[PDB]
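In structure tokens, the next block holds one chain alone, the form deposited in one PDB entry.
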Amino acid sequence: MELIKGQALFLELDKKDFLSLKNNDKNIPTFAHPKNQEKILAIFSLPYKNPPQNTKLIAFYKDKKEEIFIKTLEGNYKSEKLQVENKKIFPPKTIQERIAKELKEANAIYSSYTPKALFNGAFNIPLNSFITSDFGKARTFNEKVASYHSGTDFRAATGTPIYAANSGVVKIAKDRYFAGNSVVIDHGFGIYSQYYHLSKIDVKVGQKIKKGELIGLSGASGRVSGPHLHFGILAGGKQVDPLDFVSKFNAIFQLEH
């Protein structure tokens, strides 16, 4: 198999007699295939930064051992230049403790695995506009700082209503330094959707949010070159191309009336 860095894969395996799926020492969780009762699924993601060049997954059965080899592809990401406030790429010392806390809080949330579906069928795009800055663009801020784009930016004037991409439970709903006013939703199975730089937040941490329900209004909070919506997906432990993830998720989990 081959996978572009920064993307996720849905691996399909036989359910009968399955014992465990591992990458080196780490167990990869599994969930049921919603249509094919003979299959299970797992999410495998490659990080954009510093992925391994090759991966060997091992699936253990009562009477089989299966090695799956996935080659990391570099993809065809392009570069872009962005102008932001100098303090948003070199923050003052008075603020770096808050940045430390916020990163520790998020790490704790993304490691909190929910082993059931909190979603309801397919994801919707949370904004009906167009892409202004695609995933994985190699960035330079102020001709000083290299970065990469860990989500996808949609055109949005300040105050555009932002709706939940799928059903889930709110895990973050507060102003953070770099992401601005941030909303993060746990959808189960380690899938989290993220909405950044909002001007207003309409939910609270712990809330059960339904697909298509209002979660806030877009804005220009945090590290921005101007007003927009930033949409992100974390799955399989990593930030992945959100619209690629949604297409792959929806092929499996979409429903009909």
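In this text, residue numbers run from 1 along the sequence as written. Definition used throughout: the rigid core is the maximal C-alpha set that superposes within 1.5 Å between two forms.
Although not depicted, the form deposited in another entry is the subject of the following passage.
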Candidates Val84, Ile131, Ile125, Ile109; compared between the shown form and the other one on the rigid core, the one with a C-alpha shift of 2 angstroms or more is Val84
After fitting the core, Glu97 CA displacement of 2 Å or more between the shown form and the other one:
no
Inspect the rigid-core superposition and answer whether the C-alpha of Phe141 shifts by 2 angstroms or more between the shown form and the other one.
yes
With a change of at least 3 Å, which way does the C-alpha separation between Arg223 and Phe90 go in that other deposited form: closer or farther?
farther
How does the CA gap of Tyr77 and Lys144 change in that other deposited form versus this form, closer or farther, if it moves 3 angstroms or more?
closer
